Amino acid sequence: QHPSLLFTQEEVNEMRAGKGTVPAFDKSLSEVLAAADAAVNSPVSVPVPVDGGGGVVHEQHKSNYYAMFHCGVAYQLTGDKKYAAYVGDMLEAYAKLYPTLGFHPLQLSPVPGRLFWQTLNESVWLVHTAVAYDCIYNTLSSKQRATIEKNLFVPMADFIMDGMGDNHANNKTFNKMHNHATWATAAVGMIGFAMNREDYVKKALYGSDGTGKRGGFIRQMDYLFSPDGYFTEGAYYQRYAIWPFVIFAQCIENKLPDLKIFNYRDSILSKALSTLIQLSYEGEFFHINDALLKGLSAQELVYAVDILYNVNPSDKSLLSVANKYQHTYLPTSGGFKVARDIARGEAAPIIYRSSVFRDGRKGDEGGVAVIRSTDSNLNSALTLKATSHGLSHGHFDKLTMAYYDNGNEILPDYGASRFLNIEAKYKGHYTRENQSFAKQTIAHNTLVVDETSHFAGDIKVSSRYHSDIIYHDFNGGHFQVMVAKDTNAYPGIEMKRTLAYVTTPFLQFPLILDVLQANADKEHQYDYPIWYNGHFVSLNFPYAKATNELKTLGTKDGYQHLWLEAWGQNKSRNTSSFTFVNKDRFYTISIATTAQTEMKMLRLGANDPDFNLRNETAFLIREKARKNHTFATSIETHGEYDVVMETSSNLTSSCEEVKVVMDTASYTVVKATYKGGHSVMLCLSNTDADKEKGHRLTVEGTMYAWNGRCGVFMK
Ligand code: NI
């Protein structure tokens with residue numbers, strides 16, 4: 001009967017008999033045992049709660065649940081009674097303390113805990129401590145178990161479910177479709193499994209009323225993901241959210257195998273993990289919405305990989321995720337199996353595929369589209385984000401694009417402004433500049449109208465709406481294309497964005513064409529920003545540069561944070577080109593312009609009194625007093641630049657012209673001309689998205705015929 005949460009007795013016996021046969025697993029287990037030994041060698045401290053996040057007491061109780069977790073696992077994997085004694089002594093200290101605790105003295109959280117300032121931390125503590133208890137259960141006397149369950153576990157589970165006294169806010173969280181409810185239901189269900197309390201299990205799975213209609217872990221699996229396994233807050237918070245799902249699902253599979261939890265909703269948990277992998281580049285998640293440095297190496301993804309690979313070991317690509325990015329394994333049958341199958345040479349390459357991940361519970365509220373390189377000599381990704389808002393972490397970023405190549409982020413998404421766990425920098429919280437800059441439209445690679453963010457930067461307005469991915473073709477032979485549309489970011493303005501990834505026979509690397517159409521009945525200022533990662537090489541037009549004084553580009557909606565470093569116009573050519581270098585590769589952005597277009601080089605860092613912003617750079621194209629406008633862009637990747645060997649070639653752009661050669665209600669046509677008499681013609685049906693519809697168009701005496709929304713012609 002015990003253990004059964006993280007593993008069964010048979011599985012523990014197997015792991016112990018297998019010691020020495022898989023060195024990588026042995027190394028991970030040794031690290032668990034070292035953590036447990038460190039806890040055992042230290043005095044036990046269970047202080048009266050007095051502080052919030054980062055406080056010494058808060059951090060002590062957090063350390064305690066990790067210590068109990070590690071000691072319970074260590075006891076199971078070694079049989080050494082000192083680990084079980086540690087857990088038992090600490091549980092008896094908690095059972096003495098907990099009956100004396102009212103609501104936490106700190107008046108800050110809308111759902112205050114008793115052990116912690118917020119109930120979320122109480123739930124995380126209980127998940128880990130339920131595992132510890134399960135691991136040491138048989139070493140305790142009946143008297144000890146009765147006291148611990150009566151004075152600690154039953155009151156804590158009841159509190160997480162229902163609150164206390166007159167404050168029942170915890171019950172609203174318990175039944176919510178939210179990550180904090182995933183933790184609360186995992187905590188209550190896992191301690192219910194450990195105590196054989198079927199009522200806790202039922203309410204964790206199906207909500208307080210048991211119907212599954214207005215709460216519960218199962219319903220969360222139906223509501224917190226799209227049908228493609230996409231979590232609407234983004235990839236960084238999807239990483240956080242997947243962790244309690246896979247932990248609790250593994251417990252459910254051990255105790256209730258006939259529920260087939262890992263098949264539920266077409267194996268939604270597997271889809272979540274797959275989506276996380278397909279939304280990463282070089283192991284790092286695309287920094288959409290609020291996001292910090294985080295990727296496939298995170299412990300949440302070690303849990304997800306080891307648990308889900310154990311459920312379907314035919315998915316050998318997961319072994320590569322573990323071997324390339326994780327190098328560590330759970331102390332479970334699944335972690336052992338991952339390390340063992342890696343050692344047997346079974347890992348298969350990770351296959352990154354162009355994809356559309358739909359947003360919304362039903363998949364009908366926008367999406368994220370990713371075009372992936374298909375040539376095995378290359379390593380590139382191009383993203384187009386056309387989602388719902390994204391709840392509290394959402395950015396005002398409809399139709400934003402990003403480009404990744406050659407191991408690097410080339411045209412980036414900024415992510416969040418936040419200095420995790422650095423108390424001296426805004427106590428580690430999201431900074432003022434996360435709201436005033438990082439969420440604003442100008443921080444992104446997308447259209448900004450009249451120096452105003454999408455939805456005027458109002459979360460409640462933005463939360464009404466979503467963009468649409470309206471067309472895609474990832475199998476065009478010589479190209480891939482994706483198209484998105486938004487009509488609510490700026491009421492009265494229709495925005496469309498087409499991104500084509502074209503493999504020409506005449507350029508060194510695949511070409512990207514971007515076409516951003518804005519259609520309005522009133523005049524506006526249209527800003528087209530391209531944030532770039534690298535060092536300035538050249539502009540093909542004259543510019544002025546700040547000499548001894550720098551001023552800001554604007555005053556509001558993020559523009560107050562932008563230094564205006566250089567500015568210029570192109571009076572002599574119809575195409576304006578910016579070349580920069582990133583590591584050993586050059587990139588050229590070429591855009592169709594007129595003599596009235598304004599070009600600006602920007603650098604982040606103004607109005608930043610606390611040094612909360614990075615020194616990032618952008619190339620901005622500004623059009624004044626336009627009703628309809630088409631931004632047409634060629635993005636070239638070119639050149640070999642070896643500083644160690646001191647060699648170089650193809651360092652200059654080959655783009656001679658970008659021109660909109662037709663722009664009617666029915667069709668928009670862009671011609672990009674390259675050295676040697678070569679060209680790419682991109683033909684766009686503006687008014688339908690039918691994959692099978694045929695089109696014919698005449699440009700410059702030549703007839704262009706194609707099927708589907710977008711035609712790509714090369715010569
Ligand atoms: Ni962003």
# chains A, B, ... in the order shown; residues from 1 in each chain; ligands from 1

$ residues_near_ligand --ligand "ligand 1" --cutoff "7 Å" --atoms "only C-alpha atoms and all ligand atoms" --output "PDB file with N, CA and C atoms, in the first residue's frame"
ATOM      1  N   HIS A 287      10.137  33.375 -26.143  1.00  0.00           N
ATOM      2  CA  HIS A 287       9.848  34.312 -25.052  1.00  0.00           C
ATOM      3  C   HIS A 287       8.606  35.147 -25.368  1.00  0.00           C
ATOM      4  N   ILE A 288       7.501  34.432 -25.588  1.00  0.00           N
ATOM      5  CA  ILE A 288       6.215  35.065 -25.852  1.00  0.00           C
ATOM      6  C   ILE A 288       5.548  35.399 -24.524  1.00  0.00           C
ATOM      7  N   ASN A 289       4.862  36.544 -24.481  1.00  0.00           N
ATOM      8  CA  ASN A 289       4.223  37.056 -23.268  1.00  0.00           C
ATOM      9  C   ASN A 289       5.255  37.228 -22.150  1.00  0.00           C
ATOM     10  N   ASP A 290       4.827  37.250 -20.888  1.00  0.00           N
ATOM     11  CA  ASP A 290       5.808  37.378 -19.815  1.00  0.00           C
ATOM     12  C   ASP A 290       6.685  36.132 -19.817  1.00  0.00           C
ATOM     13  N   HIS A 395       0.915  40.094 -23.427  1.00  0.00           N
ATOM     14  CA  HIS A 395       1.482  41.283 -24.037  1.00  0.00           C
ATOM     15  C   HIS A 395       0.519  41.819 -25.094  1.00  0.00           C
ATOM     16  N   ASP A 397       0.459  42.493 -28.390  1.00  0.00           N
ATOM     17  CA  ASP A 397       1.446  42.089 -29.393  1.00  0.00           C
ATOM     18  C   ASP A 397       0.827  41.344 -30.576  1.00  0.00           C
ATOM     19  N   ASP A 413      11.745  38.583 -29.411  1.00  0.00           N
ATOM     20  CA  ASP A 413      10.694  38.997 -28.457  1.00  0.00           C
ATOM     21  C   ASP A 413      11.336  39.222 -27.082  1.00  0.00           C
ATOM     22  N   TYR A 414      11.077  40.385 -26.470  1.00  0.00           N
ATOM     23  CA  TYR A 414      11.858  40.810 -25.297  1.00  0.00           C
ATOM     24  C   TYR A 414      11.626  39.916 -24.078  1.00  0.00           C
ATOM     25  N   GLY A 415      10.404  39.421 -23.896  1.00  0.00           N
ATOM     26  CA  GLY A 415      10.079  38.757 -22.646  1.00  0.00           C
ATOM     27  C   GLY A 415       9.658  39.742 -21.571  1.00  0.00           C
ATOM     28  N   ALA A 438       7.770  46.350 -21.484  1.00  0.00           N
ATOM     29  CA  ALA A 438       7.888  45.016 -22.091  1.00  0.00           C
ATOM     30  C   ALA A 438       6.563  44.512 -22.669  1.00  0.00           C
ATOM     31  N   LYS A 439       5.440  44.886 -22.057  1.00  0.00           N
ATOM     32  CA  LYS A 439       4.120  44.477 -22.539  1.00  0.00           C
ATOM     33  C   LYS A 439       3.618  45.321 -23.697  1.00  0.00           C
ATOM     34  N   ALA A 443       7.494  47.368 -28.026  1.00  0.00           N
ATOM     35  CA  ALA A 443       8.548  46.440 -27.641  1.00  0.00           C
ATOM     36  C   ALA A 443       8.613  45.230 -28.566  1.00  0.00           C
ATOM     37  N   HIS A 444       7.646  45.077 -29.465  1.00  0.00           N
ATOM     38  CA  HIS A 444       7.518  43.887 -30.285  1.00  0.00           C
ATOM     39  C   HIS A 444       7.747  44.214 -31.750  1.00  0.00           C
TER      40      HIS A 444
END

$ residues_around --residues "segment 350-353 of chain A" --least-positions-apart "4" --cutoff "12 Å" --atoms "only C-alpha atoms" --output "VMD selection string"
chain A and resid 274 to 283 315 to 325 357 369 to 376 379 to 382 474 to 475 480

$ residues_around --residues "residue 554 of chain A" --least-positions-apart "6" --cutoff "9 Å" --atoms "only C-alpha atoms" --output "short mmCIF file (atom, residue, chain, number, x, y, z; two decimals) with N, CA, C and O atoms, in the first residue's frame"
data_model
loop_
_atom_site.label_atom_id
_atom_site.label_comp_id
_atom_site.auth_asym_id
_atom_site.auth_seq_id
_atom_site.Cartn_x
_atom_site.Cartn_y
_atom_site.Cartn_z
N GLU A 451 1.40 55.87 -32.04
CA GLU A 451 2.15 55.77 -30.78
C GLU A 451 1.26 55.23 -29.65
O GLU A 451 1.33 55.67 -28.50
N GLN A 560 8.55 56.28 -24.43
CA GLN A 560 9.34 57.05 -23.49
C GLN A 560 10.57 56.29 -23.00
O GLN A 560 11.41 56.88 -22.32
N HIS A 561 10.70 55.00 -23.34
CA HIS A 561 11.87 54.24 -22.94
C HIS A 561 12.89 54.08 -24.06
O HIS A 561 13.90 53.41 -23.85
N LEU A 562 12.65 54.69 -25.22
CA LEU A 562 13.45 54.44 -26.42
C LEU A 562 14.33 55.65 -26.72
O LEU A 562 13.80 56.73 -27.02
N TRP A 563 15.64 55.47 -26.68
CA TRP A 563 16.56 56.49 -27.16
C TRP A 563 16.56 56.51 -28.69
O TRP A 563 16.64 55.47 -29.33
N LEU A 564 16.52 57.72 -29.26
CA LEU A 564 16.59 57.89 -30.71
C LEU A 564 18.05 58.13 -31.07
O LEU A 564 18.57 59.23 -30.90
#

$ closest_atom_pairs --of "segment 365-476 of chain A" --to "segment 583-590 of chain A" --cutoff "10 Å" --atoms "only C-alpha atoms" --output "Markdown table"
| residue | atom | partner | partner_atom | distance |
| --- | --- | --- | --- | --- |
| A:405 | CA | A:585 | CA | 9.2 |
| A:406 | CA | A:585 | CA | 7.9 |
| A:407 | CA | A:583 | CA | 9.6 |
| A:408 | CA | A:583 | CA | 8.5 |
| A:410 | CA | A:587 | CA | 8.5 |
| A:411 | CA | A:587 | CA | 10.0 |

$ residues_around --residues "residue 33 of chain A" --least-positions-apart "4" --cutoff "9 Å" --atoms "only C-alpha atoms" --output "list in words"
residues 28, 29, 37, 38, 70, 71, 73, 74, 77 and 78 of chain A

$ residues_around --residues "residue 638 of chain A" --least-positions-apart "2" --cutoff "9 Å" --atoms "only C-alpha atoms" --output "list in words"
residues 507, 508, 509, 585, 586, 587, 588, 636, 640, 649, 650, 651, 652, 653 and 654 of chain A

$ write_last_selection --atoms "C-alpha atoms" --output "tab-separated table (two decimals), in the first residue's frame"
chain	number	residue	atom	x	y	z
A	507	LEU	CA	20.67	32.98	-52.64
A	508	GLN	CA	23.00	31.42	-50.09
A	509	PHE	CA	20.28	30.78	-47.46
A	585	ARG	CA	26.35	35.50	-39.99
A	586	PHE	CA	25.10	38.72	-41.60
A	587	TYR	CA	21.44	39.69	-41.93
A	588	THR	CA	19.90	42.33	-44.18
A	636	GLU	CA	18.23	37.96	-46.09
A	640	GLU	CA	30.56	33.64	-43.77
A	649	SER	CA	32.54	36.28	-48.03
A	650	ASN	CA	29.04	37.29	-49.24
A	651	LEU	CA	28.94	39.97	-46.53
A	652	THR	CA	26.87	42.50	-48.51
A	653	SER	CA	23.19	42.31	-49.36
A	654	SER	CA	22.12	40.93	-52.73
